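Take a look at the structure set out below.
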Amino acid sequence: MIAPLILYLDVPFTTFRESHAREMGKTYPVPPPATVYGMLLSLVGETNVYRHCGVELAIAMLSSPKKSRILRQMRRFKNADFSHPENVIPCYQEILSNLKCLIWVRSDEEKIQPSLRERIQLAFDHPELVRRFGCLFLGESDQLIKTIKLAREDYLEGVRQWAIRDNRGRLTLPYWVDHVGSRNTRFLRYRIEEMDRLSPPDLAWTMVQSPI
DNA sequence: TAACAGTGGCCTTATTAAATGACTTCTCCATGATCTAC
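Start counting at 1 in the first sequence, then tack on 520, and there's your number in my numbering.
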């Protein structure tokens, strides 16, 4: 079998807001599989979200990012008038600083060719042939990606904080997100285990599937 | 050519170590019952 594609990721600032965190911008410690899947789709310029269902992703944290809060005058659709003062509310948003991680992409379960792994490999091979819009970001549109590159299993050859699918884990990261409400959002429970493995364990792989 | 290279005694006594008053002001609500227009 083809070795799973490894994508080194370095982001200066990242906000993985929680699904139920609407009054305050609480963030996940680790990028959810849904956010990484959306980032990869943006990287290959794929607008359709159902195109690459079945891809498996594994995330290894190269360091523990620090959590910080920033005030923000975020807008909302509360009043019909755009200039009404009710449309602006001040609330906190939690950000993560200096996020470095390695992403494993495995595309054995995809039924549509070419697979997401092949598309990412081709995009990195010939960047001038990639047809996409906007700037690559992880989280919010203003949180641009500093370094995204093809790496090996030992890019830093140090110690890795894996995200293991544990039913007793603390984090509840979604592998599918319903942006309207929460009906179609699908969750999985993870834990961050400090391990010196250079390849993801079996429980570290998360398959992105439709809620159906 | 020589032998000395200071013998003393002191090394601050007082007194006062802050007196005032202020210790953010506004605004941006969320949600459901009801009114109302299509």
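C-beta: ideal position from N, C-alpha, C; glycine also.
Open item on the list: Is the beta carbon of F536 closer than 8 Å to that of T555?
Closed with: Going by C-beta atoms, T555 is nearer than 8 Å to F536.
- [ ] In angstroms with no decimal places, state the Cα-to-Cα distance between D698 and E538.
- [x] Taking the CA atoms as reference points, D698 sits about 12 Å from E538.
Open item on the list: Tell me which residues share the same chain as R652 and place their Cβ nearer than 6 Å to its Cβ, disregarding the 5 neighbours each side in the sequence.
Closed with: Counting only Cβ-Cβ distances below 6 Å, and skipping sequence neighbours, we find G565.
- [ ] Compute the beta-carbon to beta-carbon distance between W696 and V728, rounded to the nearest angstrom, for a pair I have assumed lies under 8 Å.
- [x] About 7 Å separates the CB atoms of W696 and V728; that is less than 8 Å, so the two are in contact.
Task: Nearest-angstrom Cα separation, counted from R685 out to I609 - done: Taking the straight line from one Cα to the other gives about 37 Å.
Open item on the list: Just to confirm, is the Cβ distance from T547 to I615 under 8 Å?
Closed with: Yes, these two residues count as a Cβ contact at 8 Å.
Task: Identity of the residue in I712, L670 and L676 nearest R690 by Cα - done: Closest by alpha carbon: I712.
Task: Close beta carbons around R717, own chain, < 8 Å, minus the five adjacent residues each side - done: Result list for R717: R680 and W682, in chain order.
Task: Residue range of the unbroken alpha helix (DSSP H) whose run includes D645 - done: In the DSSP assignment, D645 falls within the unbroken alpha helix (DSSP H) covering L636 to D645.
Task: DSSP three-state assignment for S617, whether helix, strand or coil - done: For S617, the secondary structure class from DSSP, reduced to helix, strand or coil, is strand.
- [ ] Would you check if the distance between the CB atom of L622 and the CB atom of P585 is smaller than 8 Å?
- [x] It is not a contact, given that the beta carbons lie outside the stated cut-off.
Task: Whole-angstrom distance between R596 and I522, CA atom to CA atom - done: Cα to Cα, the separation comes out at about 46 Å.
- [ ] Tell me where the alpha helix (DSSP H) around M559 begins and ends.
- [x] Residues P553 to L563.
Open item on the list: Here's the rule I'm using: 16 or more other beta-carbon atoms within 10 Å means buried, otherwise exposed. How should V700 be labelled?
Closed with: Taking every protein chain shown into account, the CB of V700 has fewer than 16 other CB atoms within 10 angstroms, so this residue is exposed.
Task: Three-way DSSP call (helix, strand, coil) for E660 in this model - done: Annotated three-state conformation of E660 is coil, per DSSP.
- [ ] Determine the burial state of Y570: buried for a count of at least 16 other Cβ atoms within 10 Å of its Cβ, exposed for fewer.
- [x] Answer is exposed; the Cβ neighbour count stays below 16.
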